[PDB]
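Worksheet: the structure to be examined is printed underneath.
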Amino acid sequence: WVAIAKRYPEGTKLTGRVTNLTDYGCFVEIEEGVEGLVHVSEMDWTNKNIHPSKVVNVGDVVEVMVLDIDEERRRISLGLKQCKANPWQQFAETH
């Protein structure tokens with residue numbers, strides 16, 4: 001069945017780029033008009049991991065796994081947080 005407004009099965013994973021940090025998570029951006037929230041505990045292996053989130057900065061590319069979707073609001077709540085191999089690149093555009 002469909003959970004009132006659902007696209008993805010849930011627990012199906014995505015890849016996104018990090019944009020903000022919240023009170024108990026991080027916000028990750030997917031595609032245009034589509035953004036997610038990385039829930040801090042969706043891994044376990046962070047806090048005692050030594051790492052600044054394996055260096056999860058604003059404008060870095062990560063992987064996330066989907067939690068709460070509302071097609072009505074356009075919020076998919078995706079949270080993973082491992083990071084990519086070369087997660088920072090030369091982000092300038094006026095060329």
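Just so you know, all these numbers are worked out from the coordinates, no wet-lab data involved. Cβ atoms come from the backbone with ideal geometry, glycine included; neighbour counts cover every protein chain shown.
Here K54 is the anchor, and the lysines within straight C-alpha reach of less than 22 Å, apart from those fewer than 8 places off in the same chain, are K13, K81, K84.
Where nothing but the Cβ of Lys and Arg (+1) and of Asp and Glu (-1) is charged, how large is the charge dipole of the chain around its Cα centre, in debye to the nearest 20? Each step should come with its number before you reach the end.
On the way: 11 positive and 15 negative charges, 58 e Å.
Around 280 debye, computed over the chain.
The relative contact order of the chain, computed from alpha carbon pairs under 8 Å that lie at least 6 residues apart in sequence, is 32 percent.
Relative protection proxy for 26-39, 81-94, from highest mean packing down: 26-39, 81-94 (other beta-carbon atoms within 10 angstrom). Shown for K54, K13: other C-beta atoms within 10 Å of each C-beta, ranked fewest to most, produce the order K13, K54. Distances between placed amide hydrogens fall under 5 Å for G25 paired with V40, all partners being 5 or more residues away or on another chain. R0 = 25 Å: FRET efficiency of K54 with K6, Cβ-based, nearest 0.05? After rounding, the FRET efficiency stands at 0.25. In the chain, if the dipole is taken from +1 on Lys/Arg beta carbons and -1 on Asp/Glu beta carbons about the Cα centre, which of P87, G25, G36 is farthest to the positive end? In the chain, that residue is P87. Less than 5 angstrom separates the built amide H of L14 from those of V64, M65, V66, all sequence-distant by 5 or more or on a different chain.
Can you tell me the order of 43-49, 65-71 when each peptide is scored by its average per-residue count of other Cβ atoms within 10 angstrom, highest first?
65-71, 43-49
For segment 72-84, putting each phi into the Karplus relation 6.51 cos²θ - 1.76 cosθ + 1.60 with θ = phi - 60° gives couplings of 6, 10, 6, 10, 10, 9, 9, x, 9, 4, 5, 5, 8 Hz, in residue order, rounded to whole numbers and with x for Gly and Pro. Scanning residues 5 or more positions from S77 or on other chains, those with amide H under 5 Å from its amide H are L67, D68, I69, with H placed 1.01 Å from N in the peptide plane.
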